[PDB]
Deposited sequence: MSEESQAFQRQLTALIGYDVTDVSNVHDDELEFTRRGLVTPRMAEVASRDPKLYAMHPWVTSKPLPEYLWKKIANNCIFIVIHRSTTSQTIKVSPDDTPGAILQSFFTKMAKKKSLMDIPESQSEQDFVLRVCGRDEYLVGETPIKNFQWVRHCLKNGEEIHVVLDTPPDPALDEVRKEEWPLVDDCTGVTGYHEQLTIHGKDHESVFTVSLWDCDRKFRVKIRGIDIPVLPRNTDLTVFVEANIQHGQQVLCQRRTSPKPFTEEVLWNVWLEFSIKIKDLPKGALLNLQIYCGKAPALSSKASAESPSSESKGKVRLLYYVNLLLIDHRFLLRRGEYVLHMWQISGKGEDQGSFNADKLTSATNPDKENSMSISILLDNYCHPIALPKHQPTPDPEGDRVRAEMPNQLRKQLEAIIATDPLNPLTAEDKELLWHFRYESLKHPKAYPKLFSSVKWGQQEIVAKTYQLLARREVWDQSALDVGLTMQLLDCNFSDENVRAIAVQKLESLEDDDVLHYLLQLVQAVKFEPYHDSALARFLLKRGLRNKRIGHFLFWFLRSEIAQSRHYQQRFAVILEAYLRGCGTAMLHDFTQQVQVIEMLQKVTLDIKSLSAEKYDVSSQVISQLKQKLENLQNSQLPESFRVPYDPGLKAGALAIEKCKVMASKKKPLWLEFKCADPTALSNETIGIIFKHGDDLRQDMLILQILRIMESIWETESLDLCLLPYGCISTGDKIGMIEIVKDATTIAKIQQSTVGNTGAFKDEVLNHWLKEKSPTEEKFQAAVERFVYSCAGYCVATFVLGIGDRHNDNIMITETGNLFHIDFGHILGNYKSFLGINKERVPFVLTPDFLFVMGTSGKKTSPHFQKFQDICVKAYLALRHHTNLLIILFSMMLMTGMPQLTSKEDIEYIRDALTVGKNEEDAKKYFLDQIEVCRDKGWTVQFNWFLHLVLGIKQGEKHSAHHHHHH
């Protein structure tokens, strides 16, 4: 423990935002055991990754070139403008070529690597040039592929620092509820529940006594279950109801060492303000204001859970009907008993696993043991093609068993980096449903991070996001981050530092300029100086030379641009900031637009934004583009965070506020005028018109399904290139989504007719809607996880099921294609009704 090793920990604690050495809010050594446990996966992956490739973090995909991309290349040859000092020449390179093929056969026509100008993206590795993500991004936006001919980054910069019984106890389980002690204030009773994967097994209560600062009981709660029957994962959930639920706390009956919990406990509970926070094994660190629960566990010696070593056609059809059901459709006892009985038969269908392992009676050891027998042989699931939507299901709050969950993590392993990045956020979030800190999932994330800088970059911010504002899961998440920062490399270790410094500094300002204004949502004149002033105050010798853009790790942001910085006219007062690109190779003077806001939980914007990236790739599988704009959004604090800025993009409302004004006399021709006027060449007007139809279709569908299509006119934007997109995702009038008359005007149907564009629109919709329905289960699980992992409010069964109706489950496919168009019609039959109401509701406060 050198003085040097004692400062490093002081450092990490800063890059994490929580000190993983604060045994002040723990009743055991699980976290510590976990840090000690992650030391191997970390080092193992660290001392196993190719230093060269890792240094350049190539970004590729094995997926086939989409229809629109493939069917767009000039026959079988493309062009990549190569750069150097100042010189540059264009080369004809086939799609199936490789970085090795080029550069080498190129070197002999006039020992070095190809890097994208302005970015930290090198095109290296033995992979088809077409397989490179960045390149696909070029073709997509129809752009040239310029790259500087420079030397490979020194792989030595990623250096890493110097690194007694069993089932022989048939006595019923009991717990002594000594009392509850609350510092400062009808009746109140304690409710102990033996839980397992949100599945309540046994439950007891205490005599309703008077609610005072201290309410004793010293009453033993005898359950009906048995010690031998307690499953590895069983959780002791303690709750307090009034004379409704008020305080809840949990305690894992079986610990990380497979040992039965025992002794005295004075756990500090959480107070209610269903979701993943009620599942936490952590205690409230606020020992001064939090309710306390004193309990006692029977005194013994040391019991330990040992680590275990043809049908009627009418029934077949009945089983099948159960297996081919959506994730949200429950199971009757008949169902479960049916599923169980036919274990092995239900084992031949991967799609049956979630439903199958939910029919298990985990409150019975003999059964659980049998279950472990079923997992002993699963060639079907093991050989079946990976199904994320299926894999994800086994990772939610419905499966507290590590053996079951570990089979999903096993499937995840198959996923290439590209895919890991698509689901990273939800996976990270899925750690909340893990009954123990050290878990197969936690490790997978760690490995995949230390394995790839990209994944590693994002893993950091996702994890950090939670640690900052989540008292319920910060610890576990903090220990998982520490394990990552200790193997990613001094290089990244330094990038993260630079990144954190900037952020923290900018948050200071963001919240500073916020106080200097209340109900006056009008940016004062003397406040414009306050901002410009403080900004330069940092440029002096504070703001690092050039941090890296969190939502875009490839981008290096240099010095600011105080001149172009301001404070949006929002009743919250965000911070519009522009940055110069630190990379002098970027063939553009164009700045970097980043926003900093407070008041809205950007964690929700994140989830919703990532789902959008999902829907875009989901369509790519069906060869379909919708031009969505899932701009970058990274959370960092409670109601703080940063956001990317789309260039040349205006509010749809503002485009109306121009031609019209401070009224609701919305005119249809407005929008269509904006495009043609903004886009000079008659050609660009034509193209901008197409983008809109596609972008509008894309967002119309996605927003509907997510249940966030009916939003004010202010929450929707558009670009001088026709691309449209939504924003700020953080007894009356309603609507599926937004398809206002000004929109349809650009399609060719001012009134209620049709056109060669509106039919294009409708056709694209269903072609997109039916595509997402193909992945009904995936979207249901994600949406379901997003709600209980991201949406604070105690998500109800009713809220989650909205996704079912939206995707029209059960209903035939034919009725679907029609169901959507019907929704479109609902919009036409409302013109500016819903919108006009939002104006009267918001702009007039009614």
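Worksheet entry | Deposited positions without coordinates, collected into consecutive stretches in sequence order | No C-alpha for residues 111-126, 180-209, 232-236, 295-316, 347-354, 391-403, 825-836, 953-966.
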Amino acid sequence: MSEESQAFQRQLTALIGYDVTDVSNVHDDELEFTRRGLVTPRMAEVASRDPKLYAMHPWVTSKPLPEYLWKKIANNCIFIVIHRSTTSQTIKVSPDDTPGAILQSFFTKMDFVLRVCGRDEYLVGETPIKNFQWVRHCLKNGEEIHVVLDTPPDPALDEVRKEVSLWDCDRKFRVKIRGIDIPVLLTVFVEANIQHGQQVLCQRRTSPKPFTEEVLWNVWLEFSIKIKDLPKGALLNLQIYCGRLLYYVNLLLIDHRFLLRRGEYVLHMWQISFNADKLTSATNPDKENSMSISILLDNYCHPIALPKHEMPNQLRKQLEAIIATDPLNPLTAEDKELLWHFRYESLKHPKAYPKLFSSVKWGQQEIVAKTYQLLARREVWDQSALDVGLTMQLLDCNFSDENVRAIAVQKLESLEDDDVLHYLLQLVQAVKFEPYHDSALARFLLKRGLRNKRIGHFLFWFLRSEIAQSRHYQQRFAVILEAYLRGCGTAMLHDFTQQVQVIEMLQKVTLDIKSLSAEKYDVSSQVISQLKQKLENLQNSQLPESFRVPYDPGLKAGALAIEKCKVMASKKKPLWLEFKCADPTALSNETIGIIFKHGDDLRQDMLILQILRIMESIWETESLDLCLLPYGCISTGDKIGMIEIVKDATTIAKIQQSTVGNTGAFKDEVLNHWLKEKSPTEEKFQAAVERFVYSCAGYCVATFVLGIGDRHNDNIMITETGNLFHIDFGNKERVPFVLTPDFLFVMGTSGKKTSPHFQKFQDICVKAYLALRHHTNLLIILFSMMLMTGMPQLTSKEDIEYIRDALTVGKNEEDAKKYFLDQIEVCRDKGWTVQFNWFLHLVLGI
From here on, numbers count along this sequence of modelled residues.
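Whichever C-alpha set is largest while still superposing within 1.5 Å between the two forms counts as the rigid core.
Worksheet item: Quick one: with the core lined up, is it 399-407 or 100-108 that wanders further in 4 other deposited structures of this protein, going by C-alpha RMS?
Response: Greater root mean square C-alpha distance in 4 other deposited structures of this protein: 100-108.
Worksheet item: After fitting on the rigid core, which stretch moves more in 4 other deposited structures of this protein, 206-214 or 686-694, going by C-alpha RMS?
Response: Output: 206-214, the stretch lying farther off on average in 4 other deposited structures of this protein.
Fill in: Other entries lacking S281, at least a third
Comparison shows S281 kept in all of the other entries.
Worksheet item: Within the set of other compared PDB entries, does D668 lack a model in a third or more?
Response: No, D668 is modelled in every other compared entry.
Worksheet item: 90-98 versus 585-593: which one carries the higher mean Cα B factor per the record?
Response: Higher mean C-alpha B-factor: 90-98.
Worksheet item: Once you work out the mean C-alpha B-factor for both 507-515 and 634-642 from the entry, which is higher?
Response: Averaged over C-alpha atoms, the B-factors run higher in 507-515.
Item to complete: Choose from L421, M615, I272, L185 the residue with the greatest Cα B-factor as stated in the PDB record.
Response: The record points to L185.
Worksheet item: From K411, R711, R405, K532, can you pick the one with the highest C-alpha B factor in the entry?
Response: Most elevated C-alpha B-factor of the set, per the entry: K532.
Item to complete: Consider only the C-alpha atoms of the modelled residues in this chain, order them by B-factor as the entry records it, and name the third containing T651: lowest, middle or highest.
Response: CA B-factor rank for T651: middle third.
Practice prompt. Ordered by C-alpha B-factor within the chain, which third holds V20? Give me lowest, middle or highest, please.
Written response: Its C-alpha B-factor belongs to the lowest third of this chain's values.
Worksheet item: Taking the C-alpha B-factors as the PDB entry records them, is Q475 in the lowest, middle or highest third of its chain?
Response: Within its chain, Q475 is a lowest-third residue by C-alpha B-factor, going by the deposited values.
Discussion item. For the chain shown, is the CA B-factor of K63 in the lowest, middle or highest third of its modelled residues?
Written reply: As the PDB entry reports it, the C-alpha B-factor of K63 lands in the middle third of its chain.
Fill in: Assigned third (lowest, middle, highest) for the C-alpha B factor of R691
For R691, the deposited C-alpha B-factor lands in the highest third.
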